[PDB]
Amino acid sequence: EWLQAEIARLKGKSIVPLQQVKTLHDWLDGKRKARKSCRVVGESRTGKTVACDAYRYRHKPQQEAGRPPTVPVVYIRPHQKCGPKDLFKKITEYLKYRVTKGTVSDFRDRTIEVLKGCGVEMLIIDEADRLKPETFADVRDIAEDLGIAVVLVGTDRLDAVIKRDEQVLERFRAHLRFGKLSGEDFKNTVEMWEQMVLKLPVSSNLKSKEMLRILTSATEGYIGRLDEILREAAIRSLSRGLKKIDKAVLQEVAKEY
Amino acid sequence: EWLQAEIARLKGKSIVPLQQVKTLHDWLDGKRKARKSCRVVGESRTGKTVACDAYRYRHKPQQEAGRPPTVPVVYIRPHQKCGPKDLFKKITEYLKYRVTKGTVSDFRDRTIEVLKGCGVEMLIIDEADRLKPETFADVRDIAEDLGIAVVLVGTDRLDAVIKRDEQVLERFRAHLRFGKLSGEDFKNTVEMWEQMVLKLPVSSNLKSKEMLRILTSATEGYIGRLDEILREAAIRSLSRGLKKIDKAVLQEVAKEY
Amino acid sequence: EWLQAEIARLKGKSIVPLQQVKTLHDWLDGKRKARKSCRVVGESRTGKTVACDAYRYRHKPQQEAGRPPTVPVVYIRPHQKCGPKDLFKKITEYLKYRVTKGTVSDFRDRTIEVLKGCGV
Amino acid sequence: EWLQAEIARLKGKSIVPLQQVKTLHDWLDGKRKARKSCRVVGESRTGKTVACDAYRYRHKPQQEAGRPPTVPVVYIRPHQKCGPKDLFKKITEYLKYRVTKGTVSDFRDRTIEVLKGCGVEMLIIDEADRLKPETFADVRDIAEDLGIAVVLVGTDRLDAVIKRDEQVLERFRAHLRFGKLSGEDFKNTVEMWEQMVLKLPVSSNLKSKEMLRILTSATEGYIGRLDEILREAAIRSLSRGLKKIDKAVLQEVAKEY
DNA sequence: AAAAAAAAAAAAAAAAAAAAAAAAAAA
DNA sequence: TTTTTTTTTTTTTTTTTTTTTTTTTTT
Ligand SMILES: Nc1ncnc2c1ncn2[C@@H]1O[C@H](COP(=O)(O)OP(=O)(O)O)[C@@H](O)[C@H]1O
Ligand SMILES: Nc1ncnc2c1ncn2[C@@H]1O[C@H](COP(=O)(O)OP(=O)(O)O)[C@@H](O)[C@H]1O
Ligand SMILES: Nc1ncnc2c1ncn2[C@@H]1O[C@H](COP(=O)(O)OP(=O)(O)O)[C@@H](O)[C@H]1O
Ligand SMILES: Nc1ncnc2c1ncn2[C@@H]1O[C@H](COP(=O)(O)OP(=O)(O)O)[C@@H](O)[C@H]1O
């Protein structure tokens with residue numbers, strides 16, 4: 001069944017180029033060449049993790065000689081209430097280096113060693129709100145001991161937590177802020193996203209004022225909502241024998257959430 | 001590329017002789033001759049750590065005999081929540097010795113042994129606030145047992161840390177303060193920074209009011225912010241093919257950082 | 001005094017180039033390029049230790065780049081009845097790395113990692 | 001340099017199919033289907049290690065199912081004086097499962113769990129002659145509690161340890177010899193060797209009376225001994241400029257080793 | 001009414017001894 | 001062989017701080 005193949009294909013995830021993504025990539029590349037630490041602030045379901053992650057694929061570490069890998073960008077997602085030891089362990093795990101059983105001071109020394117051996121000019125920390133207040137001192141300690149840029153990606157809680165300590169705030173003053181979709185930006189994004197993700201036999205008439213209206217009402221500018229809504233509508237539309245997404249199907253999916 | 005060589009020179013660190021650095025150096029020489037302990041208190045981005053390093057560099061340990069080399073000055077920066085054993089390890093790692101597996105009492109003894117063997121006319125400890133209270137007791141123990149002076153570099157909170165212990169208040173009464181740059185001092189230094197650090201082929205006249213307002217407003221009298229801004233502005237200007245920093249280039253960095 | 005200077009010089013150390021040393025050095029370069037193990041056999045007070053020590057200085061480590069140093073030749077002198085743990089300690093300390101505490105297996109893993117990092 | 005490229009090729013490692021290797025592979029497949037433990041005894045420098053490794057390469061991990069890797073064959077190389085903890089830990093790490101730090105009882109249970117989750121039809125221990133006698137009992141316990149066939153790859157030292165326990169000798173009765181080459185087998189192997197490893201613009205005529213006599217005197221039926229000889233003679237000849245191995249060069253190489 | 005001072009409950013991090021068993025060694 | 005002798009290897013009791021939550025008080 002061809003429909004089965006399309007269902008399986010849609011149930012996946014794909015990357016669709018966007019302007020804000022390119023802006024973030026260029027800004028972060030500038031910071032990486034300057035070795036200047038910074039932070040990034042945005043709302044949930046805006047796709048900032050996808051931008052931080054898509055950037056790292058381009059700069060994947062490649063080593064041809066017998067010497068160990070030289071990695072320029074390392075990327076870790078801390079768990080809830082991640083402490084100092086837990087964070088160091090993740091840095092070591094990402095570099096495919098054997099964790100040494102021992103104490104926290106041993107973890108600190110080992111982390112400095114593995115980071116000194118490789119490049120690791122830029123470190124992208126996601127979900128920085130979850131980071132425990134005790135650990136930020138270690139983060140900036142690393143940023144000062146070695147010339148490595150540190151990027152703290154978080155929401156408004158990141159702002160709130162950072163502004164409580166003077167040194168951390170001084171270290172991470174420069175920043176980039178994400179926005180939401182609206183107007184022509186939103187319409188162009190919907191058109192581009194459907195052309196990039198949907199290969200349905202017939203057009204969905206997305207440009208129509210009414211479809212844009214209901215998608216705006218259900219989306220509110222959050223790409224993390226538009227992607228899910230349109231993918232579910234597509235799977236359901238194809239499942240009922242409709243090659244294209246239809247107005248009633250859109251209304252149904254929007255009503256469920 | 002020649003521009004890349006100039007940029008690499010701008011990225012590298014250097015030290016400019018300044019009024020505050022010389023003041024601290026003369027004070028420290030007096031204290032070590034008196035063998036008296038004291039404190040150094042200042043704000044962030046004031047360059048007091050750099051001044052300590054510049055002091056250490058002048059007193060090079062020269063051995064003119066077969067007997068072990070003698071170190072007159074020791075410098076340590078403890079890690080977060082440094083305990084007694086960690087500090088003793090730092091002392092014995094700074095000096096060219098090793099410590100075998102053993103107890104805290106053994107570490108105390110080995111540290112005292114190498115401290116007696118070495119000269120250690122003065123001991124400088126950065127970031128005093130991080131030290132644990134028991135570690136403070138041990139620092140005082142060393143200062144009282146051996147003819148060695150102890151300098152506790154600290155921020156505004158150093159007084160608060162030492163207010164919970166009457167004994168350190170009794171022995172560390174003398175103190176020196178670091179301040180900020182304002183008025184004529186800031187302007188004089190700025191001219192010196194343009195001529196002594198930057199590789200700018202053509203002078204940009206930073207002391208002029210048009211370019212003074214920007215530097216002064218963003219910097220707020222902190223040395224670190226100023227040097228950061230100037231190095232970055234020079235790098236950006238040379239990358240653009242300029243032999244002199246333009247007004248727009250100087251203004252962009254301030255807002256970005 | 002002239003005499004004291006000459007006497008102090010005489011009581012020091014010096015090296016006389018010999019055909020034995022050059023022979024050893026050519027042979028060792030061959031073995032190093034071929035990555036083959038071998039033996040050096042000789043009586044005491046013949047200075048074979050000095051010849052090997054001199055071989056070491058010809059190929060010095062390069063740390064011009066920011067990366068860890070890549071010393072191609074390591075030279076150690078085990079003490080009497082040296083156990084395996086202590087041999088690993090010698091290797092790790094020579095290359096200027098911290099020796100993690102633990103069992104002989106931990107030292108073994110640490111030493112292999114360091115030996116892969118450097119040229120050796 | 002083209003010559004250096006050919007030399008780099010000659011300094012590499014290749015694999016050549018021999019009847020000895022195919023015999024071992026068929027025998028091992030039989031034992032794995034039968035789920036019966038056994039052992040292989042063969043002299044040093046025979047290449048049995050390489051034959052077992054090639055066998056492992058024949059059956060790659062089967063991730064075709066959605067949840068676990070389902071690797072049917074594992075292969076571990078114990079270190080000298082391998083204890084039970086190190087053995088269990090190597091087995092665990094080979095299956096990409098984290099080590100649950102604890103006591104040897106925890107390692108035992110964890111290893112059993114990961115061996116049950118994966119297929120693990122057969123387990124191969126390379127150079128088992130340095131496996132501690134305490135741990136052979138653990139190996140037998142694994143072979144009994146789980147439907148796993150265990151193959152021991154060791155030489156003459158295996159049996160002098162196995163015969164120290166009545167229980168272990170019953171498990172590994174099926175034995176296969178793995179010895180040297182001689183006569184027509186040796187001559188055929190040499191010609192195959194001269195064709196596969198010495199892609200050479202000029203035949204060295206190794207399949208001849210005197211060349212075979214030299215190689216036999218130096219080789220004594222050991223392929224491992226022969227490897228260095230032939231590869232190194234080819235490299236030396238090509239470095240000097242000779243397109244093939246002259247008899248004098250071969251004799252010189254043999255004298256060196 | 002609505003901010004400011006007060007008893008349980010979880011959770012994380014670190015040496016310092018002691019015993020036993022095995023393996024190698026020396027006359 | 002008898003004993004020594006060490007050498008690992010593996011298996012075991014005390015000390016301290018930090019949140020959160022909640023209930024009474026006062027103002
Ligand atoms: N550039 C993009 N291309 C395609 N889908 C995207 C993109 N950015 C976000 N998405 C969708 O949004 C989700 C990712 O958003 P998320 O990483 O949760 O945002 P954040 O982590 O910044 O809160 C994914 O499920 C994906 O489908
Ligand atoms: N005398 C100096 N010469 C050059 N640069 C200086 C000097 N003093 C401070 N700086 C700048 O300030 C930074 C050092 O500040 P820092 O080490 O944080 O001192 P502190 O710990 O006292 O704040 C350096 O990056 C350096 O560029
Ligand atoms: N090539 C040499 N030139 C000068 N003196 C030498 C040379 N080789 C050895 N010696 C002398 O011999 C001593 C070193 O010999 P040593 O290294 O003990 O030999 P081995 O260790 O092989 O017994 C030194 O004290 C040195 O004076
Ligand atoms: N079938 C083969 N193909 C290629 N090389 C082989 C083969 N058999 C043996 N060799 C050579 O012999 C060596 C393998 O010997 P090894 O695995 O050490 O035997 P063991 O460890 O059983 O003594 C390798 O260096 C390899 O070059």
# chains A, B, ... in the order shown; residues from 1 in each chain; ligands from 1
>>> residues_near_ligand(ligand="ligand 1", cutoff="6 Å", atoms="only C-alpha atoms (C1' of nucleotides) and all ligand atoms", output="list in words")
residues 13, 14, 15, 16, 17, 44, 45, 46, 47, 48, 49, 50, 223, 224 and 227 of chain A
>>> residues_around(residues="region 94-100 of chain C", least_positions_apart="3", cutoff="8 Å", atoms="only C-alpha atoms (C1' of nucleotides)", output="PDB file with C-alpha atoms, in the first residue's frame")
ATOM      1  CA  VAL C  74      59.694   7.620  25.440  1.00  0.00           C
ATOM      2  CA  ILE C  76      62.029   5.094  31.189  1.00  0.00           C
ATOM      3  CA  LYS C  89      53.102   4.985  36.665  1.00  0.00           C
ATOM      4  CA  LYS C  90      56.488   5.661  35.058  1.00  0.00           C
ATOM      5  CA  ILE C  91      54.961   5.874  31.580  1.00  0.00           C
ATOM      6  CA  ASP C 106      42.640   1.213  35.888  1.00  0.00           C
ATOM      7  CA  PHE C 107      46.298   2.181  35.456  1.00  0.00           C
ATOM      8  CA  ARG C 110      44.785   5.148  31.629  1.00  0.00           C
ATOM      9  CA  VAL C 114      47.757   8.373  27.090  1.00  0.00           C
TER      10      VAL C 114
END
>>> interface_residues(of="chain D", to="chain E", cutoff="12 Å", atoms="only C-alpha atoms (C1' of nucleotides)", output="ChimeraX atom specification")
/D:81,132-134
>>> write_last_selection(atoms="C-alpha atoms", output="compact mmCIF listing (two decimals), in the first residue's frame")
# COMPACT_ATOMS: atom_id res chain seq x y z
CA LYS D 81 45.40 -11.87 35.07
CA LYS D 132 42.41 -16.52 35.80
CA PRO D 133 41.35 -20.00 37.00
CA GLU D 134 38.79 -18.42 39.35
>>> interface_residues(of="chain C", to="chain A", cutoff="7 Å", atoms="only C-alpha atoms", output="VMD selection string")
chain C and resid 67 to 68 117
>>> residues_around(residues="residue 79 (chain A)", least_positions_apart="4", cutoff="10 Å", atoms="only C-alpha atoms (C1' of nucleotides)", output="VMD selection string")
chain A and resid 83 86 to 87 90 127 to 128 130 to 132
>>> write_last_selection(atoms="N, CA and C atoms", output="JSON list (two decimals), in the first residue's frame")
[["chain", "number", "residue", "atom", "x", "y", "z"],
["A", 83, "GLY", "N", 23.44, 18.48, 38.55],
["A", 83, "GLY", "CA", 24.48, 19.02, 39.40],
["A", 83, "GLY", "C", 25.80, 19.17, 38.68],
["A", 86, "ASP", "N", 27.15, 15.58, 37.49],
["A", 86, "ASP", "CA", 26.33, 15.07, 36.40],
["A", 86, "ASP", "C", 26.65, 15.77, 35.08],
["A", 87, "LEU", "N", 26.91, 17.08, 35.14],
["A", 87, "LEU", "CA", 27.21, 17.83, 33.92],
["A", 87, "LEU", "C", 28.58, 17.45, 33.35],
["A", 90, "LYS", "N", 28.42, 14.24, 31.45],
["A", 90, "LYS", "CA", 27.84, 14.35, 30.12],
["A", 90, "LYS", "C", 28.85, 14.90, 29.12],
["A", 127, "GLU", "N", 18.45, 23.78, 27.33],
["A", 127, "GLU", "CA", 17.63, 23.71, 28.53],
["A", 127, "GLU", "C", 18.41, 24.18, 29.75],
["A", 128, "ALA", "N", 18.97, 25.39, 29.64],
["A", 128, "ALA", "CA", 19.80, 25.93, 30.70],
["A", 128, "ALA", "C", 18.99, 26.32, 31.93],
["A", 130, "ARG", "N", 16.99, 24.32, 33.49],
["A", 130, "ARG", "CA", 17.04, 23.16, 34.37],
["A", 130, "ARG", "C", 18.35, 23.07, 35.15],
["A", 131, "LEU", "N", 19.39, 23.78, 34.72],
["A", 131, "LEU", "CA", 20.68, 23.69, 35.39],
["A", 131, "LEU", "C", 20.58, 24.19, 36.82],
["A", 132, "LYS", "N", 21.23, 23.47, 37.73],
["A", 132, "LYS", "CA", 21.19, 23.79, 39.15],
["A", 132, "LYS", "C", 22.06, 25.02, 39.44]]
>>> residues_near_ligand(ligand="ligand 3", cutoff="9 Å", atoms="only C-alpha atoms (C1' of nucleotides) and all ligand atoms", output="PyMOL selection string")
chain C and resi 12-18+20-21+42-51+53
>>> write_last_selection(atoms="N, CA, C and O atoms", output="CSV table (one decimal), in the first residue's frame")
chain,number,residue,atom,x,y,z
C,12,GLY,N,82.7,17.0,35.9
C,12,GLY,CA,81.4,17.0,35.4
C,12,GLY,C,81.1,15.8,34.5
C,12,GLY,O,81.4,14.7,34.8
C,13,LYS,N,80.5,16.0,33.3
C,13,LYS,CA,80.1,15.0,32.4
C,13,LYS,C,80.2,15.4,31.0
C,13,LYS,O,80.0,16.6,30.7
C,14,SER,N,80.6,14.5,30.1
C,14,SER,CA,80.8,14.8,28.7
C,14,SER,C,80.6,13.6,27.9
C,14,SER,O,80.6,12.5,28.4
C,15,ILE,N,80.4,13.7,26.6
C,15,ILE,CA,80.1,12.6,25.6
C,15,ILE,C,81.2,12.6,24.5
C,15,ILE,O,81.5,13.7,23.9
C,16,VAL,N,81.8,11.5,24.3
C,16,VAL,CA,82.7,11.3,23.2
C,16,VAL,C,82.0,10.5,22.1
C,16,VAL,O,81.6,9.4,22.3
C,17,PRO,N,81.8,11.1,20.9
C,17,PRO,CA,81.2,10.3,19.8
C,17,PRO,C,82.0,9.1,19.4
C,17,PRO,O,83.2,9.1,19.3
C,18,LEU,N,81.2,8.0,19.3
C,18,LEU,CA,81.9,6.7,19.0
C,18,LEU,C,81.1,6.0,17.9
C,18,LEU,O,79.8,6.2,17.8
C,20,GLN,N,80.2,2.9,17.9
C,20,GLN,CA,79.1,2.1,18.5
C,20,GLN,C,77.8,2.9,18.6
C,20,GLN,O,76.7,2.4,18.3
C,21,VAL,N,77.9,4.2,19.0
C,21,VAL,CA,76.7,5.0,19.2
C,21,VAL,C,76.0,5.3,17.9
C,21,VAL,O,74.8,5.2,17.8
C,42,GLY,N,74.5,-6.0,26.1
C,42,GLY,CA,75.9,-5.6,26.3
C,42,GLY,C,76.3,-5.6,27.8
C,42,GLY,O,75.4,-5.6,28.7
C,43,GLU,N,77.6,-5.6,28.1
C,43,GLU,CA,78.1,-5.6,29.4
C,43,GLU,C,78.0,-4.3,30.1
C,43,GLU,O,77.7,-3.3,29.4
C,44,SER,N,78.1,-4.2,31.4
C,44,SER,CA,78.1,-3.0,32.1
C,44,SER,C,79.3,-2.1,31.9
C,44,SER,O,80.3,-2.6,31.4
C,45,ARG,N,79.2,-0.9,32.3
C,45,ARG,CA,80.3,0.1,32.1
C,45,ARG,C,80.7,0.3,30.7
C,45,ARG,O,81.8,0.7,30.4
C,46,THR,N,79.8,-0.1,29.7
C,46,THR,CA,80.1,0.2,28.3
C,46,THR,C,79.3,1.4,27.8
C,46,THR,O,79.6,1.8,26.6
C,47,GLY,N,78.4,2.0,28.6
C,47,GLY,CA,77.8,3.2,28.2
C,47,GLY,C,76.6,3.1,27.3
C,47,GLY,O,76.2,4.0,26.6
C,48,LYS,N,76.0,1.9,27.1
C,48,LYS,CA,74.9,1.7,26.3
C,48,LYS,C,73.7,2.6,26.7
C,48,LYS,O,73.0,3.1,25.8
C,49,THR,N,73.6,2.7,28.0
C,49,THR,CA,72.5,3.7,28.5
C,49,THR,C,72.7,5.1,28.0
C,49,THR,O,71.8,5.7,27.6
C,50,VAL,N,74.0,5.5,27.9
C,50,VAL,CA,74.3,6.9,27.4
C,50,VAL,C,74.0,6.9,25.9
C,50,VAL,O,73.4,8.0,25.4
C,51,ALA,N,74.3,5.9,25.2
C,51,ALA,CA,74.0,5.9,23.7
C,51,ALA,C,72.5,6.0,23.5
C,51,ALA,O,72.0,6.8,22.6
C,53,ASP,N,70.2,7.3,25.7
C,53,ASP,CA,69.8,8.6,26.1
C,53,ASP,C,70.1,9.7,25.1
C,53,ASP,O,69.4,10.6,24.9
>>> select_by_dssp(residues="region 64-154 of chain B", states="helix (DSSP H, G or I)", output="PyMOL selection string")
chain B and resi 84-94+104-117+128-130+133-145
>>> residues_around(residues="residue 192 (chain A)", least_positions_apart="3", cutoff="12 Å", atoms="only C-alpha atoms (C1' of nucleotides)", output="MDAnalysis selection string")
chainID A and resid 15:19 184:189 195:198 206:207 227
>>> residues_around(residues="residue 205 (chain D)", least_positions_apart="6", cutoff="9 Å", atoms="only C-alpha atoms (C1' of nucleotides)", output="PDB file with C-alpha atoms, in the first residue's frame")
ATOM      1  CA  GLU D 191      52.330 -18.436  -4.081  1.00  0.00           C
ATOM      2  CA  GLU D 194      53.086 -13.647  -3.412  1.00  0.00           C
ATOM      3  CA  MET D 211      63.305 -18.971  -2.658  1.00  0.00           C
ATOM      4  CA  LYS D 244      61.129  -7.695  -7.383  1.00  0.00           C
ATOM      5  CA  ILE D 245      62.879  -9.526  -4.555  1.00  0.00           C
TER       6      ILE D 245
END
>>> closest_atom_pairs(of="chain F", to="chain C", cutoff="12 Å", atoms="only C-alpha atoms (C1' of nucleotides)", output="tab-separated table")
residue	atom	partner	partner_atom	distance
F:7	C1'	C:83	CA	10.2
F:8	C1'	C:103	CA	8.6
F:9	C1'	C:103	CA	8.6
F:10	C1'	C:103	CA	11.2
>>> write_last_selection(atoms="C-alpha atoms (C1' of nucleotides)", output="PDB file, in the first residue's frame")
ATOM      1  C1'  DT F   7      50.925  -7.864  47.497  1.00  0.00           C
ATOM      2  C1'  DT F   8      46.883  -7.005  45.819  1.00  0.00           C
ATOM      3  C1'  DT F   9      42.083  -7.537  45.921  1.00  0.00           C
ATOM      4  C1'  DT F  10      37.855  -7.161  47.775  1.00  0.00           C
TER       5       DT F  10
END
>>> atom_distance(atom1="CA of residue 23 (chain B)", atom2="CA of residue 144 (chain B)")
26.7 Å
>>> select_by_dssp(residues="region 68-219 of chain D", states="strand (DSSP E or B)", output="PyMOL selection string")
chain D and resi 73-76+82+122-126+131+149-154+175-178
>>> closest_residue(among="D:183, D:147, D:99, D:174", to="chain A", atoms="only C-alpha atoms")
D:99
>>> decode(residues="region 4-23 of chain F", atoms="N, CA, C and O atoms (P, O5', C5', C4', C3', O3' and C1' of nucleotides)", output="compact mmCIF listing (two decimals), in the first residue's frame")
# COMPACT_ATOMS: atom_id res chain seq x y z
P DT F 4 57.03 -18.69 59.40
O5' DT F 4 57.51 -17.71 58.24
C5' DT F 4 58.86 -17.77 57.78
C4' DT F 4 59.09 -16.77 56.67
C3' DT F 4 58.44 -15.40 56.89
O3' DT F 4 59.36 -14.39 56.57
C1' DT F 4 57.81 -16.28 54.79
P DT F 5 59.18 -12.91 57.16
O5' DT F 5 59.64 -11.98 55.95
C5' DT F 5 59.62 -12.51 54.62
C4' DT F 5 58.53 -11.86 53.80
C3' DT F 5 57.52 -11.07 54.61
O3' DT F 5 57.94 -9.71 54.74
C1' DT F 5 56.54 -12.26 52.74
P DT F 6 56.89 -8.52 55.02
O5' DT F 6 56.34 -8.16 53.56
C5' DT F 6 57.26 -8.07 52.48
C4' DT F 6 56.55 -8.28 51.14
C3' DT F 6 55.61 -7.15 50.72
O3' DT F 6 56.00 -6.67 49.45
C1' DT F 6 54.55 -9.28 50.49
P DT F 7 55.40 -5.29 48.89
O5' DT F 7 54.18 -5.76 47.99
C5' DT F 7 54.30 -6.93 47.18
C4' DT F 7 52.97 -7.27 46.55
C3' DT F 7 52.02 -6.08 46.40
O3' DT F 7 51.49 -6.03 45.08
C1' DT F 7 50.92 -7.86 47.50
P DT F 8 51.62 -4.68 44.21
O5' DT F 8 50.11 -4.17 44.07
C5' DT F 8 49.12 -4.60 45.00
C4' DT F 8 48.32 -5.75 44.44
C3' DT F 8 46.89 -5.39 44.05
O3' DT F 8 46.51 -6.06 42.87
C1' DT F 8 46.88 -7.00 45.82
P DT F 9 45.31 -5.47 41.98
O5' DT F 9 44.00 -6.12 42.63
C5' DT F 9 43.93 -7.52 42.84
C4' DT F 9 42.78 -7.87 43.75
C3' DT F 9 41.58 -6.93 43.64
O3' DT F 9 40.52 -7.58 42.94
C1' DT F 9 42.08 -7.54 45.92
P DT F 10 39.18 -6.78 42.58
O5' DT F 10 38.24 -7.04 43.85
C5' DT F 10 38.12 -8.35 44.39
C4' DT F 10 37.56 -8.30 45.80
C3' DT F 10 36.30 -7.45 45.97
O3' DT F 10 35.18 -8.28 46.23
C1' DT F 10 37.85 -7.16 47.77
P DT F 11 33.71 -7.63 46.34
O5' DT F 11 33.56 -7.31 47.91
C5' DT F 11 33.56 -8.38 48.85
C4' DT F 11 33.65 -7.86 50.28
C3' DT F 11 32.48 -6.97 50.73
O3' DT F 11 31.83 -7.55 51.86
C1' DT F 11 34.57 -6.05 51.36
P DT F 12 30.64 -6.77 52.60
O5' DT F 12 31.37 -5.93 53.75
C5' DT F 12 30.62 -5.07 54.61
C4' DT F 12 31.53 -4.35 55.61
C3' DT F 12 30.91 -3.11 56.27
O3' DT F 12 31.05 -3.15 57.69
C1' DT F 12 33.03 -2.60 55.37
P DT F 13 29.91 -2.52 58.63
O5' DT F 13 30.61 -1.28 59.38
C5' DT F 13 29.79 -0.34 60.11
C4' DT F 13 30.63 0.63 60.93
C3' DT F 13 29.86 1.80 61.52
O3' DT F 13 30.54 2.31 62.66
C1' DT F 13 31.25 2.57 59.77
P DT F 14 29.88 3.49 63.54
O5' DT F 14 30.58 4.82 63.01
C5' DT F 14 30.26 6.08 63.59
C4' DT F 14 31.12 7.18 63.01
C3' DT F 14 30.51 8.58 63.08
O3' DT F 14 31.54 9.55 63.24
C1' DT F 14 30.85 8.02 60.84
P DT F 15 31.26 10.92 64.02
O5' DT F 15 30.85 11.95 62.87
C5' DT F 15 31.46 11.86 61.58
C4' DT F 15 31.29 13.14 60.80
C3' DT F 15 30.39 14.19 61.45
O3' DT F 15 30.96 15.49 61.28
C1' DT F 15 29.58 13.68 59.29
P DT F 16 30.16 16.81 61.69
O5' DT F 16 29.41 17.23 60.34
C5' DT F 16 30.15 17.34 59.13
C4' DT F 16 29.34 18.04 58.06
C3' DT F 16 28.34 19.08 58.57
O3' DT F 16 28.56 20.32 57.91
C1' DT F 16 27.30 17.61 57.04
P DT F 17 27.79 21.65 58.37
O5' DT F 17 26.99 22.08 57.06
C5' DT F 17 27.63 22.04 55.80
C4' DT F 17 26.62 21.90 54.68
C3' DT F 17 25.49 22.93 54.70
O3' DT F 17 25.57 23.74 53.54
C1' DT F 17 24.68 20.72 54.28
P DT F 18 24.49 24.91 53.30
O5' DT F 18 23.36 24.19 52.42
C5' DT F 18 23.74 23.33 51.35
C4' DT F 18 22.52 22.91 50.55
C3' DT F 18 21.39 23.94 50.52
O3' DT F 18 20.82 24.00 49.23
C1' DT F 18 20.58 21.91 51.39
P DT F 19 20.19 25.38 48.70
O5' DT F 19 18.89 25.58 49.60
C5' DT F 19 17.60 25.62 49.00
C4' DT F 19 17.15 24.24 48.56
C3' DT F 19 15.66 24.11 48.28
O3' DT F 19 15.44 23.27 47.16
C1' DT F 19 16.28 22.58 49.97
P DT F 20 14.51 23.77 45.95
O5' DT F 20 13.06 23.18 46.30
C5' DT F 20 12.29 23.76 47.34
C4' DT F 20 11.41 22.72 48.00
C3' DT F 20 9.99 23.20 48.32
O3' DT F 20 9.04 22.30 47.78
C1' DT F 20 11.00 22.23 50.25
P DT F 21 7.56 22.81 47.42
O5' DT F 21 6.71 22.43 48.72
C5' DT F 21 6.74 21.10 49.21
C4' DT F 21 6.27 21.04 50.64
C3' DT F 21 5.06 21.91 50.96
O3' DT F 21 3.93 21.09 51.22
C1' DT F 21 6.72 22.00 52.68
P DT F 22 2.47 21.73 51.37
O5' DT F 22 2.35 22.02 52.94
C5' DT F 22 2.66 21.00 53.88
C4' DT F 22 2.73 21.58 55.27
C3' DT F 22 1.60 22.54 55.60
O3' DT F 22 0.60 21.87 56.36
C1' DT F 22 3.76 23.35 56.36
P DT F 23 -0.76 22.62 56.77
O5' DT F 23 -0.42 23.24 58.20
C5' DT F 23 0.30 22.47 59.15
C4' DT F 23 0.69 23.32 60.34
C3' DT F 23 -0.38 24.32 60.79
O3' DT F 23 -0.55 24.24 62.20
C1' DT F 23 1.68 25.42 60.52
